[PDB]
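Structure record follows, encoded as structure tokens.
Going in written order, the chains are labelled A, B, C, D, E, F, G, H and I, and every chain counts its residues from 1.
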Amino acid sequence: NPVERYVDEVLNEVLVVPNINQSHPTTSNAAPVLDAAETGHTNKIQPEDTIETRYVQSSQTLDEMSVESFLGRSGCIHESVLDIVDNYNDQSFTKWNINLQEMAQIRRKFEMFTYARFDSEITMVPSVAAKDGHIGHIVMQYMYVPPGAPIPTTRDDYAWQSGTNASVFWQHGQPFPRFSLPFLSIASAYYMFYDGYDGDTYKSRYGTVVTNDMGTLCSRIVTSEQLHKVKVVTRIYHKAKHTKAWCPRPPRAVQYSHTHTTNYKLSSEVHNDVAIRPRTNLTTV
Amino acid sequence: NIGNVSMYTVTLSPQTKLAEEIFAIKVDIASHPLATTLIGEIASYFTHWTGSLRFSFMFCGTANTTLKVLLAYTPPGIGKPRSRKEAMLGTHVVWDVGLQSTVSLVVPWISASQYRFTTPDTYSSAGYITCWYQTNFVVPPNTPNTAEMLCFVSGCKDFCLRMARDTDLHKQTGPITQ
Amino acid sequence: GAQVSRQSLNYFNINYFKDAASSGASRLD
Amino acid sequence: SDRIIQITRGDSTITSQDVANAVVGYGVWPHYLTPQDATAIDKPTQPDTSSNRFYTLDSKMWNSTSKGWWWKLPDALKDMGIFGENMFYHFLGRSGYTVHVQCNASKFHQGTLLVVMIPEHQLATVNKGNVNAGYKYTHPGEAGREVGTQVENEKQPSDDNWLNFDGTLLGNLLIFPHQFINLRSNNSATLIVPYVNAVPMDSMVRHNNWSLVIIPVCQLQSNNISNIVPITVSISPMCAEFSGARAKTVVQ
Amino acid sequence: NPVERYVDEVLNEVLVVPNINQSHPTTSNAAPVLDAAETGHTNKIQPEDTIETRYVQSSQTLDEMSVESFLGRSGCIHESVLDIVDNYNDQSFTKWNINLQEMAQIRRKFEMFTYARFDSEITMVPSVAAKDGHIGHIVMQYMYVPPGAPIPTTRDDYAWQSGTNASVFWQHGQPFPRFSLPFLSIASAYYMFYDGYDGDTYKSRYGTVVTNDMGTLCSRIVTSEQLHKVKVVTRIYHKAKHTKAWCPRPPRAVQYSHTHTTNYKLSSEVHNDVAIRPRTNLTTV
Amino acid sequence: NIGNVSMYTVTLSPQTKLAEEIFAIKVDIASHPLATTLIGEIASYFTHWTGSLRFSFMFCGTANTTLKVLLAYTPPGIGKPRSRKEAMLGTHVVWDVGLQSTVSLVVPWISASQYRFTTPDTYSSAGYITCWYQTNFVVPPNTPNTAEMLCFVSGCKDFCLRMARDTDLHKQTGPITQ
Amino acid sequence: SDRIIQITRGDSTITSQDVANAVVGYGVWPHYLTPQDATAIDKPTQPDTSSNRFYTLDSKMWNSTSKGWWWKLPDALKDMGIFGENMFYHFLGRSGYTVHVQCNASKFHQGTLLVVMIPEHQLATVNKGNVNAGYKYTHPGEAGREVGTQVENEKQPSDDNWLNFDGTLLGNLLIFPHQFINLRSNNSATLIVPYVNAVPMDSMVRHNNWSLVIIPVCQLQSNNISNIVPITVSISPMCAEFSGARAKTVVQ
Amino acid sequence: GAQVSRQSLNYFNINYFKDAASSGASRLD
Amino acid sequence: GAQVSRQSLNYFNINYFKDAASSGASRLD
């Protein structure tokens, strides 16, 4: 019943963990504790098998541990900066090659899976810093330029007309802009890792850069030159909706150094490079 | 050992003193050295944890090497056992190495509160798991006098994490460039 | 777009926009 | 007769021919933990009669200048037979209690004791900043604490009986389970309290659930002062069960 | 009927007080006025038992005296201050170890119970003081850092990415931010008092500090450095919803001195420390 | 007496003058000395109050001490009684101390308005409750010549508080720090 | 497999991949005392999992010159957690046991241990007239007795393994519940024994019901003598129940 | 989330968010 | 809170808040 299912959503009890049943002492030639890790399988022994447990009714749920929950939280993926210093025409617009590889926080979560398919919710948080005192009337334009569409080279470029491209206009004072984007890949899922090239020569590119092109985001201060200079920083937040993930993998142990690559750097003292805290010895807890 | 595969193995060998200690670690899911294991990493993305842990140990000595070891879990409210007799009074498994290489010790959920903090908290410290020689590492002549042991960890049917949070097991100290 | 259930505890699962991507978080399997 | 009472717990039987009824804390009689409220998964040990029996604490002397006395449970019983052993060998414990305070005088004596059972009686320190009561001071064992006798240590709790040792007025203690031992009417007080806590079981070594506070609200008076009038307390655990067995905890 | 029950909600007549019935003169060997306070019980004698009363229909209700009503009112629990004096980077962000022990007004009400379980409604009231004249465009970020999550050490710390933590962004001019928080304890109820320690040694901590850790609230002015300095004071208001309370206790008679402890201070003249006004004598009303 | 348990007891003793006054207080729920009692404290969290109050008195003398006391409630619109005869004309209970230690006097809700202000208000002053010797405190030889009496207060079946407000019985004159 | 075994008692689980079956003494599995056979009228305390769990004794070294070892029950467990406490706080006690002797070597080692559980093994003294074995000597605790190591005291029991320390021939010990640990076939021995006595319950302080005797009938031999071969014993009480609670008995 | 009653005096007890904590003050017992 | 009438000329007399004082002007007698 969708209504009973609805209540489960509200109470967050869609996925319940099993109970612990009462066990008793045993003397058998069947030893569940013994197994063989060589098989590649995990021994499914439970607490009732090693000790005498009591009956306990579990009331915990796994809803929050779902992939939708794990990846369904908005995190910053980019910080666009438009700092008017000495040339309005040149400093009033910018572009960014879209990707989820620049911020370690969210990148690491997505990278715990090999492939992922999801829709995106983008929320933008613009903040206008009054460098000279007043900010006037700030109106912004965020244009999504898919690969192929002409990228504007000036703040008054004809590409800004957005005859076909999607543009979001934000007027300072109004609530934060937000919009959704369907699964944009030409494949069935986004490659989180890609052991491939775009060719077979020594100079061929390697990794996700070959497969993950999401276009460019071109920003612009629509308002014309004002007496007082401002610094507009627009933070882009991304949330995954309707997510699916395949083939889980180990979490990134070292820091990220570049986008679209697993490359890393190690110091002379590697223990400083990983989260592992050195032990004094095996018996020191 | 950090930066070497050896950091994953415990060495066993013929003892001259009886009931010697082999290793001792905290049961706390996100404490070291459990922190970087998959379960520790995932646990670090949440604030509360609950349920029983499953610790497995695989003997990697020769087929002719014998050994009996005692694996014990000491519930909180006391210090780590100073001796095998002390450890033995808690939850434990006596592992006899033989045809089947791996053994599993289950650390039952024994707590006052239904959940414990994932981060190191005095009030919610889960206890200690220690390992001692039940007998001795015995081998025939012309057989290596030391052997390795691998240790695994995973959650039981009732393991559960709650309250999502950002991890402290990974950081970003600069811009990730192209 | 409204999925109206009844039990009365009537449930309205409205979808304000015509594109599937526009909807919120998904239900659990 | 409504004045008489007999309480049998295990191998102990206590009587009183002058009682003022009994009080069941919060109307709930002690009972074992159900699988619905349980959390620890191991089978609980339940000593029964060897644990759930009356343990008589050290007697105190009640005289004209007495300010009061207090004991903390389960701390007061840490050295009491099988119950004591069990609370140290196990991480977790759970129990209810029957508290029987005894005090007989004569029909020519007058005085009134306020006997209260306080849940989570978190003691305070006075004029000592944010320094809280030391573990040692809140764990006096069967000897309890005689209010207004100690030569203060920094971590020494409050001795202000009128402020309940925690910053609240004495007159309002009646909101907690209590009884009065008014020498003209009763010679004892009986309080049966259930297990009260935000968790199903807890560490009996670091968490004192209940506190037995006895404050003489009406000074002891008579024309035969040489005759000592003691106050004796007998406490009996009920439905005591423990979990998480290991070695015995030794507190320093 | 939920509709009749609904009307009761609107009229606030869910819990009605009983009527007074007409009584008559009596001459009996059953004296209700006499009893024994030693029993620990309150004599349930009513007005009809001591005097000759008339019949009166009561129209009073106890709805407002419910625990939900008593604790269901928003009160200030914290005043966060971000005063830009001479260093923007250092003064533009702050943190606060969350607790309901800092404001006497609400603390005393909750402390009239030993344990309490409830959901929380948090409303924030930010006020930007224009120290130098203009305020520009102020955008704030309030991040809830659960115990364990990395606490930001700089205004540009990576922790601000909020890849998983809940963050609330407020843009000056928009209505006051507000959100709800589920019952956050690892226990079944919040300890209002805790006669326990986190250990058994002389140096072990005592009281609710051992049990009540709700994490940290980290604030930050998202906007970059502006010409004119401002002082942003954000007042956090907390309301209990869906409340349950157990084991009532005496109200705090003296002033609170510290958080998580019942500690207090007394002067040489204690009558000044309590609300009790000294009487001239027993017969002076 | 403030700061001592004695502030809670009234002393009785053999009188030489008949019909002497023992004590006299205002019936107003949030007035002193009723203010710091639980009902007074809770009442201070509201603006209006109504219903009857239940005052109980427990005799703490010896079992051989006798006494008859008159407890009276004087409705408003007049001053507190100057004598027992004056008090006796109002609502009252003649308490005979005996086997049962406690007695209860009920202060009926006698008012023009349905509710009264919790805070001290002229128009809504509830009256006075006085206590006088009906006979005398009598004792046998070799018995203490004074005895204490405890006084309790609670609300009857029709007590009700209305209009929530912040209390004036507690203040904060500085920051509560860690 | 018939070679494997897992024994779970309370919070302890013991395994062995090379067993020679198990032996249930006299075919009777341990069980609690019935009202038909009972004599003491007070309600028995039954600790359950906190008592009925495996306690591992001090390991012994098995070498070419070893003559044997013996332990007496319940004496060997007098200092073992809750079981130990209970046997001293109560006058009466009753229990069954699961004895698990462990000894692993290698396929190039040879030796044979005779593991026997003897009921009422009343020890003898040799050439000492009618002087019997002293209480101290028959109560060695978890350390047991290493045959042929003590510098005799008058009250010192017999060390004649071939005469069973009581005047009977070793070869006939097989009439009692027993097993052999023949290094070429098994690495452990398991014996489950019931409560055997002429009375329903008894004093655990003065009467040792069972005696675990281990005699190496075939000398330990190998070409790698430097490698020590220990013998470890783990005993688990079963259906332990006690009666006649009082203060804790301190033996001198 | 809508609890629709009828009596017509129809009552709609709507719950705009999917989390129980999000709802307003509780009803009296 | 909705008083739904029918005549179709359906009338909805909604009361957005749970307190009677919150409602607007009264109807005539």
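Heads up, the rule we're going with is that a residue touches a chain if its C-beta (ideal position, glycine included) is under 8 Å from a C-beta of that chain, and two chains touch if they have at least 3 such contacts.
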| item | value |
| --- | --- |
| Those chains which touch chain F and also touch chain D | E |
| Other chains in touch with both chain B and chain I | E |
| Between A-C and E-I, the pair with more C-beta contacts | A-C |
| Contact-pair overlap exceeding half with A-C, pair selected from A-H, E-I or E-H | E-H |
| Angle (degrees, nearest 5) of the CA superposition of chain C onto chain H | 70 |
| Rounded Å distance between chain B and chain F, as computed from the means of their C-alpha atoms | 67 |
| Centroid spacing, where centroids are CA-atom means, of chain D and chain E in whole angstrom | 31 |
| Where chain E and chain G are represented by their mean Cα positions, the distance between them in whole Å | 63 |
| Interchain centroid distance [CA atoms averaged], chain A/chain I, Å | 48 |
| Shared-contact residues (touching 2 or more other chains) in chain H | 1, 3, 5, 9, 11, 19-20 |
| Chain D, residues touching no fewer than two other chains | 39-43, 130, 169, 172, 174-175, 180, 182, 185, 199, 202-203, 205-207, 245, 247, 249 |
| Chain A: positions in contact with at least two other chains | 6, 9, 20, 32-34, 47, 49-53, 73, 103-105, 108-109 |
| Each pair of chains that touches, named by its two labels | A-B, A-C, A-D, A-E, A-G, A-H, B-D, B-E, B-G, C-H, D-E, D-F, D-G, E-F, E-H, E-I, H-I |
| For the chain I and chain E complex, residues of the former touching the latter | 1, 15, 18-20 |
| Contact footprint of chain D on chain B as seen in their complex | 52, 74-78, 81, 86, 89-91, 108-114, 158 |
| Touching residues on chain H, where the partner in the complex is chain I | 8-12 |
| Residues of chain F touching chain D in the complex | 3-5, 7-9, 36-38, 41, 58-65, 99, 101, 142-144, 146-148, 150, 152, 177-178 |
| Residue numbers on chain D that touch chain E, as the complex places them | 20-21, 23, 26, 72, 119-136, 138, 155, 158, 160, 163-164, 166-169, 172-182, 185-186, 189, 191, 196, 198-199, 202-203, 205-209, 211, 249, 251-252 |
